[PDB]
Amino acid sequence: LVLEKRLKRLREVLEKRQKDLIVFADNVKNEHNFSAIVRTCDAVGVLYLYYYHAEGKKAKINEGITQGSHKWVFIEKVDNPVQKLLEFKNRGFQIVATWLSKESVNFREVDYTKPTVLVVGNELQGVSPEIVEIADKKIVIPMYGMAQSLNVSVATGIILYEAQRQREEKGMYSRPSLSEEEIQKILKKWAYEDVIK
């Protein structure tokens, strides 16, 4: 019966998932920050998290820091960021990238309620120059101190919660963006993958 409870809870979670709000982690340095980002994705309703990492990208999530959240977000390793992002762009997704530059706009000026792929990272200016070249929006978070930037996980949460606020205002968490077919498919899949190993 206990397992029924988790699936019940999984269903409620899937009914609030934003199949439309995608996150792309561009070369996030340490696993502690990566795990925190996974937790944050889960918190705002992000269902898909893609990532690109040094030497292949064999990312090891910390269960003690993810609290098991790594289980209800699809995490997919990508070998070519621009190629993957172009796939979303051609599908109508706006590519929003954190780019540390005076030419970038305040992150609150973006409309996160439309299909969006938020790209964050630990390259010199946030995302790589290769990625920013294809972005629709280049964003920064206002700073008033000596630090030029914020910890990548903290910045990701700040931006994603602005997205949460906007979507909440439009009632996008009040109705499922995933269809019942998709919800049932995921329930079955994860209930299966959770056991098998």
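Numbering starts at 1 and runs along the sequence shown.
For the pair 106-114 and 69-77, the mean B factor over Cα atoms is greater in 69-77. Relative to its counterpart among 131-139 and 153-161, 131-139 has the higher mean temperature factor, C-alpha atoms as listed in the PDB entry. Out of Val38, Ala59, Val28, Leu47, it is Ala59 whose C-alpha atom has the highest B-factor in the PDB entry. The entry lists a Cα temperature factor for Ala54 that places it in the highest third of the chain's modelled residues. In the PDB entry, a CA B factor belonging to the middle third of its chain's modelled residues is recorded for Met172. Sort the modelled residues of the chain by CA B factor and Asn122 lands in the lowest third.
Sorting the modelled residues of the chain by their CA temperature factor places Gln94 in the middle third.
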